[PDB]
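Coming up is one lone chain in structure tokens, specifically the form deposited in one PDB entry.
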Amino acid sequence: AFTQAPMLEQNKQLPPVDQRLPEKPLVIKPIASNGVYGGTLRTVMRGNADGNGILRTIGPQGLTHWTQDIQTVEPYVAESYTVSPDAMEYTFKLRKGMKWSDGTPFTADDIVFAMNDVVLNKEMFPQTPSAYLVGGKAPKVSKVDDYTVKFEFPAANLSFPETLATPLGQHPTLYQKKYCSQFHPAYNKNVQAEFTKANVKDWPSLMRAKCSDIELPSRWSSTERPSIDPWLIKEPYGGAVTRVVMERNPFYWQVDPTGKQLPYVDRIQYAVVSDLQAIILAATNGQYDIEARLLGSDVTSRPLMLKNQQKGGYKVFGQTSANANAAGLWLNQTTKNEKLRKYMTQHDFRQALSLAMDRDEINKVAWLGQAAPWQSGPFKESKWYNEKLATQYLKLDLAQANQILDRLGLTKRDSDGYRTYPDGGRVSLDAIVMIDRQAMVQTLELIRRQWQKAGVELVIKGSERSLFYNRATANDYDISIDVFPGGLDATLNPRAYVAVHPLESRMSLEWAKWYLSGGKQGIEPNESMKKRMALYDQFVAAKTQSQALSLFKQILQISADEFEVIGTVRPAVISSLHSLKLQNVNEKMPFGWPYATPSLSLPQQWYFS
């Protein structure tokens, strides 16, 4: 019936391929042509907390999957699903005979465990991941039969199929009950004895160490953790390693239109590189079969990238980024700097800071003129376009900026020429940045010089990714620089407009913590944010598309009125590459986190000619 990769003939112990596949495997139509088996996919990740590079290469294996044009989703791990007319009850039919990577059955037992015993367990997650919540309230997940599972939300949830296609929506398929139950007190009477083995002190830490989460490095650091991924870890991430190797999953659950069990490619090899510049040189020498993640936003190197295409044996292709802003200033409304906070919370202060910026210079210098000035709003083709949110305060007006700061009472000056607070102290903002992000650091250096003309001091504090996230969650920053999503993905990724993302809504993560705990932790936000949060809960629970359109447009307008985050430039074209020998890469796919790119292009059907 079906066939398998020749390298699998080398494992005597494997059942015949028809018995490893579901009775009805998901048939994957290829991007361009039917493929052939073999080869090793060479790509790259960074050394510091870059496990999402693996996830965005092999792809989240969720209940649904985006179409190539990201306009809709289709059943993926689920064979099919039905929705009740009121959008509250979702019933998923699973593929009979489907198996985990260890050969054991993948059934509704696994999805019910993942939801009820892990995701929805409040000791595991004191705040339930919001992907599964409606207005902060959880669904009831129940087994219908071995191959049918039901989600019952307490209100309409029109967007749940889209959520289930994003990386943060993939919990339902991430936890094998058999393996993970040994680390759960509800199942292992002796789970305590597992703590000393893993050097943890409680079972949630145990569960994270052994069974992982969406973005934890532990997801890729063991070989024994079962999954339904197209490739499995063989040489793990985590240690002081310079290379990660994944190998085809003999129990992968898909075929191509001729009946070949996928993936076509036998192995993936990630170079784990300590420094950016080395990635650039190896890429320009053709050492990577695909790179469409780390080098996409470095306009400085596309001349050499383009130049060495023929010598390196690769093709450069452009992608449209979903981000509204390539490098935006998240201003901390809950900055611990008491003197600064009195001005940070004033609209006109933030407006002055934006008017003192010269986005044409940033474009020219940091982006070789290939980006364009923008704040944080959706693009004009978006049904969510808001002119004010996109274009207010974009033109340099130093005189106007200085007049505002004068009017706010920052008219005293120190010996170096900077403005001071009325009661002493230089007007100074600390900006945290990831040191490996060259365009972002360069953006802050240009802004520092620009804001000096307004008598304001910007202080650059660079670190690797871990400490950068640690400082943010500690509320230890005045500014954080990173992308503003929303150009194309505003409802999937609304972090810049309302403080709902626990790690990335950095107008205040204490505000987000307040929202995500029902006001039990964190810092109560101001009236405009509490208003947007209430509207956001109404939007997620909207009964009709017209109500959802009205509600979310209200959120964007309030966000525009408030002007809480300051954009520099919307992204230039994303520069990606793949080997000329690598076939079936969708060179037209958009770029972005909610689609896990480049894995949106279905890497299980990439192949080498």
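Residue indices: 1-based, along the sequence shown.
Omitted from view is the form deposited in another entry, to which the following refers.
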Subject >> Rigid-part rotation between the shown form and the other one - which of 320, 367, 503, 394 lies at its hinge >> reply: 320
**OP:** Classify the change in Cα distance between residue 465 and residue 272 in the other form as closer or farther, relative to the shown form (magnitude of 3 Å or more).
**Re:** farther
Subject >> Comparison of CA distance in the other form with shown form for residue 523, residue 154, at least 3 Å >> reply: farther
